[PDB]
Each structure stands twice: as C-alpha cells, then as structure tokens.
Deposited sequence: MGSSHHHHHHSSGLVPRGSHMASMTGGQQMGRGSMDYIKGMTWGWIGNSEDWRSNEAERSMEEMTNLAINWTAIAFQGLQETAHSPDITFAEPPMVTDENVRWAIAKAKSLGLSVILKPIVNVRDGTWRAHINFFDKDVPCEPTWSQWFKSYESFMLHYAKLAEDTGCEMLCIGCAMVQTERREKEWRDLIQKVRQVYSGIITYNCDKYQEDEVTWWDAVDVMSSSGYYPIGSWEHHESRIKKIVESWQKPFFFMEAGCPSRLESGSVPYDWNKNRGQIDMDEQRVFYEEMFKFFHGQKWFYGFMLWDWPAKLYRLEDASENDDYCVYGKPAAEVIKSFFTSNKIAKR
C-alpha cells in the first residue's frame, strides 16, 4: 500500500477532485423522497466530477464506546446503494463518507477516552471496536458498490493520537476495500496527524477565514511537501450569512441573517490561492442537501448550499476553467 505522490495503481497521478458533498445529515426518509433524485441531478450543474455521499452514525456522548448506524432515522444500506448508483449514473466518481455524530450535540472532535485503561471507564479498545464495526460495514458497502474512494473519518481530533489503533483499523479496511483511502483531518490540523503515511491521500476541512487563504496555502504546501502525498480539501464551504466568512466552519453563526456576497467572496478567495498547484488535488465542497430548496427561495436561504446563489457561479467558472479542467 505505501506510496508517495501517486496511490499504487491497484487502488485507482491521483484525480483532481471537483466535488460537492451530497445527502448530509443522512436521513432515510429524505434520501427515499422523489426530491432526492432531483436534488442530485441539479447538483451536476456545478460541473463537478465527484461527490461525497455523506451520512451520520451516532454515539450517545463524546465518552461512550457504542456507535449505532443504519437504524432509523439514519440511512439504510439500500438508501446508500441508491445514492452511490445514482451518482455514478450521472457520471460522478464517489467518495463514501460515514461520519460519527454525538446524540447530545457534542462536536465529534471531542470524542475521547483516558490514555490509561482503567476498570471504571470505557476504553479506547472498546470505542475502536465499535468504530471498526461502523467503518468496516461501510468499507464493505464501498467495495460492493465500486466507490472510488472511502473517507475513514472526519475531524476525529481527540482520537488521532491513537496511532496504533488507527493503523490497525486502516489494515482491516485494506482487507475489505481496494479503492483509495483518505482521512479528513480538521481545519488547522494538517501537520498534527502522525499516520498520514497509512492512507493514500491526505485531506482536511478548508474552512479558513476570508483574508487567511494566502497564509494557509503557504502553510499547507510545506506540510504536504514534507509528507510527499497527494492532498485535497475533503470539505470546504461557507454559509450565505452576515460575517460567516470570518468563521466559515460555524454552522450556528448569525442564523437567518442572509449575505449572498459573503459566501461569494469566500469562494473567490479560496480559488485564488488554491487552484492548479501540482501538489494539490482540489475540492470536495460542503454541501448539498438530499431535499433541495426551491430556486425561488435561494436568496433567503442561510445554508452552506450554493444552489441559486452567486457562489455557485464562482464554483462553475472554476471547475469548467481550462487550467482546472485539464488537471
């Protein structure tokens, strides 16, 4: 498996990702609606060639070992096979992205256990066994459906120090899934994962504020060059809200306070600094819902979604531009 700028041929240079995330948060009833097919078709007008099929699994608290998946209201295996096949039927390559959320609302980056096993607390080994059942379930589904890529986790910051357990999980994933593996580290954490060598492609969440993108391009370029792996953004986006570009990751910032231009300016700056560099492999944007609002409602919508908003035209002109289209 071990490889540098190019994943070994048996797992596929690496594609340049022109992507949009579809289906979050992963609600069976939404994915089985008529609306879901129309949503995914409309998403193709972004001139994407990839989609990340994203959906939640659940644990009760940040310190509980048991992860539930594929039970109401979460997506069924049939819902997931449908989304993958529909995406492929539209000419998209697929990243399967199972994401653990915490029922009590805690940000998943805080999921954590004591360093030292004690008789009175759940252990890292218990949580990793549950997380392995979750991720291997979907790794097997990714193999059966021919997903080009699997993302084995997303911003699991307080688990990343568990290097032996992550490398053990990745070895188990390799036994059931033959495609490309990535892990999506959180914003600002590109240099903090000690096991990047164990995946094929490095990726992070590009929620960097307006005015910071030139700085982050220099920072990330040096990290990627130190690892000699391909790198892309597994998430990047910004809500269409007042001052959201200062905190593009904060999905609770200024709800209902619409600013289309703020989202537009975020995208223009991100693409100004991250474009066609040979070490960079593009963008999986965030995000596009299974049930898409009416075009007539777009100018009053405060979501990350770009549908009907000026940012969609920045994305389309970037993805159809010769410099990007040739990558």
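Missing from the model relative to the deposited sequence are positions 1-9, 22-33 (no C-alpha coordinates, numbering from 1).
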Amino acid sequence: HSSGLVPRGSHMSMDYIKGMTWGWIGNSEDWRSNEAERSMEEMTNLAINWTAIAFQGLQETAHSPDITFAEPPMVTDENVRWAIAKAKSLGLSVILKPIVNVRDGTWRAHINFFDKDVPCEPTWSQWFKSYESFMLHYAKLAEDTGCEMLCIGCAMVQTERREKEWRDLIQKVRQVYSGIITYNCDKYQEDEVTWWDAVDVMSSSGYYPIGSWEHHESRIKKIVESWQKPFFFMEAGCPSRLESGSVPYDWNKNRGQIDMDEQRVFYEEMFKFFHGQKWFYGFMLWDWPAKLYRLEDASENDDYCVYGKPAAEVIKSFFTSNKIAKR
From here on, numbers count along this sequence of modelled residues.
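Averaged over their C-alpha atoms, the temperature factors of 149-157 and 174-182 are higher for 174-182. Of the two segments examined, 46-54 and 24-32, it is 24-32 that shows the higher average Cα temperature factor in the deposited entry.
Highest C-alpha temperature factor among 290, 284, 62, 298 per the entry: 298. Remark: residue 165 belongs to the middle third of its chain, ranked by C-alpha B-factor as recorded. Residue 309: CA B factor in the middle third of modelled residues in this chain (values from the PDB entry). Looking at the C-alpha B-factors along this chain, the one for residue 91 belongs to the middle third. Sort the chain's modelled residues by C-alpha temperature factor and residue 117 lands in the highest third, per the entry.
When the CA B factors of the chain's modelled residues are split into thirds, the value for residue 85 lands in the lowest one.
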